[PDB]
Structures are given as C-alpha cells and as structure tokens.
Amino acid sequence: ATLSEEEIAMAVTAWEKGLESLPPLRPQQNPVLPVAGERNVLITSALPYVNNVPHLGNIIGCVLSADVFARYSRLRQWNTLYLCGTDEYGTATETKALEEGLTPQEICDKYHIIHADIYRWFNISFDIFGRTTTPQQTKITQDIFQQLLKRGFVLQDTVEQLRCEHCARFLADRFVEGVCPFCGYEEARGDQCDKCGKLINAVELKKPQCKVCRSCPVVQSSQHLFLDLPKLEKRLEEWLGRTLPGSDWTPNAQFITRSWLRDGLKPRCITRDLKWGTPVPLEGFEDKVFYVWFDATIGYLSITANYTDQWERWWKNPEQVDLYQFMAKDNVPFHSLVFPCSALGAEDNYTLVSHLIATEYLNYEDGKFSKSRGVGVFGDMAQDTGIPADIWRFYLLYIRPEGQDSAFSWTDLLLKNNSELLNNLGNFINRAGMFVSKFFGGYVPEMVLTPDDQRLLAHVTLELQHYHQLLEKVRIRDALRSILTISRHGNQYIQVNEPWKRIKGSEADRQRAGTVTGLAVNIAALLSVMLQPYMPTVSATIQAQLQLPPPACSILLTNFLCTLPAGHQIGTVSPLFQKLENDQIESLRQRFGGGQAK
C-alpha cells in the first residue's frame, strides 16, 4: 500500500485541477451515429426468444451484462449504440401460438411487450429494442442472400421427408412411429429403434405412422437451400486469425470457435418448411422460409435499420466501428461462424464482431430455472418481491458467471446486501453526506491536504484506473469489486480520523474534520459515477443527494477529480440501502423454491 512520490504528486495535481479538467459535454444525438476519428462502440445483446419469459439467468448473461458495458462506454464519451430486440420467427412460435389460441403475430406482439416491460424495470438502457418480424428484416435478409447466391455460396438439393397428408406437414423424427427394418420392433421411432439400438433415418421405417393422427405418411422430396460453409471456411479463418489475438473475446468463446473449425465446417440448411419466417425469394419456395438461425443474426442489422436510415454507417463500416456482442455460450457458433461466413461471402464490407462476450450459465440454487416446475426467479416475478431492481443488478453482477458457472442464492443475496451495500458502500456514502449536512450546514468544507490525505487520494486514483483497466476489457465482475475497494478504503479513512468527534474540538481539530469530510464526499461523488453502470438508480440518488452537477455525472475521467469544491451545497441526505431480513428472505426463497408448485 505504498506508492511513489511521483504517483502521489501527480494524482494530487489532477485532483486540485478540479472541474476545469472536464470537457463541456456534447449534446445527445438521435440517432447515434459513428463519428470519424472518435471511438464508435456498437453493442448487441443476444435477441431473446420472444415467447419465453426470461429468468435471471437469461438477463445476467445478455441484456444486463451488455447494459453495464454500454453505460460505461457512454461515460467514456464513446459514441455508443446499444441495441437488442425479440427473436420471434420459428416453429416454436407456431406451436405456442396455436396452444394459446392466437396467431403467430398476436402471440409475438403480446410477449414482446412482456420482454420490454421486464427490461425497462431492470433499467436496461437500450438505444433500440426492436423486432425480427419487420419488412426491413425481409429486405436485408434477402439482399445478403442474393449477394451469397450470385457468388456461389448457396447450394440447392432435394430431401426425402416423411409427410403426413392429413396433418398437411412434414414430420419430425419424434412425431413418426414405425416398425424397425433391422429387428422388426413394431414401435420404433424415426430417429432410433430402442429395441436393437440402431440409429436410423425415419424414411427407412416400414409402415410409418404419424403419432398425431395415426395416418400413413408418404415420402416426399422437398427442395432446400444450403450455405456452403466449406467454401467460406478459408476467408473466415483469415478474419479470425486477424482479429482474435489481443482481443477480448471471452476464453470460452474462442475455444468453442476454434473447436468447431477443428472438426471442419459443413454445409448448413438455411430453409424450413414453415409459414412463419422470412420468405425466400426463389422459384419454388413459395411455401418455405429461411431457417431462423440463418437470419436471426441479421436481426441485429434490421433492428438498427428500423431505427435509422444510416444503419449501414454502423454495420458496413469496420474501420470506424468496434462491435461488442454479448450472448450465452450456446449462441457463439452463430456469431463467430455462421454470420461471419454469410457476411464475408456477401462481400459488402460488413462490420464484424471485434470482441465476443459469452458467459457461462447462472444456476438457480442447487439446480436450474424451470417455469415448468415453478423453480427460480423469472423477470416478471422480480417486480413483486419488494426488492428494488438495483439490488438485483448488484447481486447478479457480483456473481456474474464469467470463467465458470455461478449459482443464485437467497442466503448469499442477503449476506452480500448487508455486508457490501449496507455495512460498506452505503455506510461510507451515508457518513460522508451526513457529515456535510450536519456539521457544515450542507456546504462542502475547506480541504487542507495532509500527506496521509494525499496517499488516500492517490490510492483512490489507482483503484479508479484499475477499474478502467478492467471494464475496458469487459471484466464486469472485477470492476464492481474495485468500487467496493475504494469504498472500503474510504470507510477506513473516516474511521481512523473520527471527524464526528474532532469536530467538537480545538481550532486545529475542526479543520482536520472538515478536510476529511470534504475529501470523503468527493470520493462519494466519484463512487456514484463508477456505480452508474451497475446501479443507475442509486447512482442518480446519490447524485441527487449531493447535487452533483450534470457534467460531472456524465463522464468518468481516469483521474480522481474534486467535483465538489469547498463551498458546494449538497441536497438532503438519506440512507442509501435497506437491510435484508432473514424472515423476508426465507419467505421469498420458499416462494421460488418449487415446494409451492401447482
């Protein structure tokens, strides 16, 4: 805990320079567009499937992780566009719509609102939260398809598929029964005979049956399109070899990507026999659509396009734009292989991802989230617990599954709330603001820095730079702890100086009390901005209580500044956090535990 004289003297200088170090801000732009010469940060979160209510695992892995970095990116004055939206096409949407007695468009409109409401409550600051079911999706999907077709990256072949003429549909291996051509087992599945173990193709079945209507399916050759990834594999590895090293792709994402390439890429079918999907502009495909995962990633582009005319300045400008993509592990192959191949094969100067951020999975307690069994906290339930959104944000981010899986624990939430928020972070900021309001009439006291004060000030600056160091590489988990480290330093500073005692003392002792008090609240002011990407409501609350000027609230410099000079008037202070009670938590834990199921 010992620095250099140069370190201490440098940090002090930057501090004393004050609010004059602050570039008067730039007016907010709508739409946000890339600005030449400056850093332009494009951020996408994986588009959640619309017809499933998201749980805390989904949220922390994608929208919440992306939001933290998005908010940090704005504090660094980077031109930031954070976009997301609902993934809506697919067979599951047709199955769920029918089950709910609605049209696919109806059930999508319904659940899109549910998603948006959940993300609003969690305070996810999307610049756009769009939809994949738009005319612009069809247009952009078809264009990219056309660019790939004429360059010979699309194959066309026929597939023998069992079709039930009564159900008027092609059958999945799990919907077809039949007798085994290898052992004669009369009730074999289309995928496997459980009797002799043989892995089969459904068409090999004798006397096939549709397990829905029990009719006899007939073999039909249907036309299908394919993306020739083997022909695109070369240019994909050239791009990967150019961009992976020195990047901040999460280790798991890199491994998965290189792992798929080690096997070798295969031709992927990009068409489906469906009605709900982006239509294929080709002869004889009037009743087929693009496969969801072929154009779901194109949704990123179409969502941006519904937002602005100049969407190609973001998505076709790799020289000015650094793309960050946040997703879960299972989404990586589509973002690191499928879409890059499609984009590179289209040869339209596309912005490709620079840093892929893929998290491990968040477990609920000792198991997994399950709407089926009533286990776990889902996004629509979190609003009803009496626990504020920022408390959810803090804890989920404190245990964000980066290197390995993590598990949500009600017991741990209570401990971390009471220890880190109440008895640490909140305690420091409460005392800081309280001392100004009580001892100095709400005016920040004069600050006469001792050598020990300069050390603290320099230590705070180093933690701030460490904080920057981490969040610059999307180390969200560790930067949060950096915040708590500064706060823990501040509590020690207050405790040893005992300003609330010294204030009732000699001429000299009252000056020390004021210096400590003033420096403390300037640290509090800094903490509020650092906390902004994590707990935006509390951040604003602190800034309201301290009346921190809007320009100081909008930027985070790499140096600890004096944002509250001597004579600055603060507002009215009030305890930041509430204690979490044991009875309160046991009740919530029993509610989401599964033992109260139906």
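Quick note: we count residues from 1 along the sequence shown, nothing fancier.
Comparing the deposited coordinates for 139-147 and 329-337, the stretch with the larger average C-alpha B-factor is 139-147.
Once the C-alpha B-factors are averaged per stretch, 356-364 and 170-178 rank with 170-178 first.
Out of 128, 415, 202, 391, it is 202 whose C-alpha atom has the highest B-factor in the PDB entry. Highest CA B-factor among 475, 71, 371, 400, as stated in the entry: 371. Remark: residue 273 belongs to the highest third of its chain, ranked by C-alpha B-factor as recorded. Residue 378 sits in the lowest third of its chain by CA B factor, as recorded in the PDB entry. In this PDB entry, residue 227 carries a Cα temperature factor that places it within the highest third of its chain's modelled residues. Residue 153: CA B factor lies in the highest third for its chain, per the PDB record. Annotation for residue 123: CA B-factor lies in the lowest third of the chain's modelled residues.
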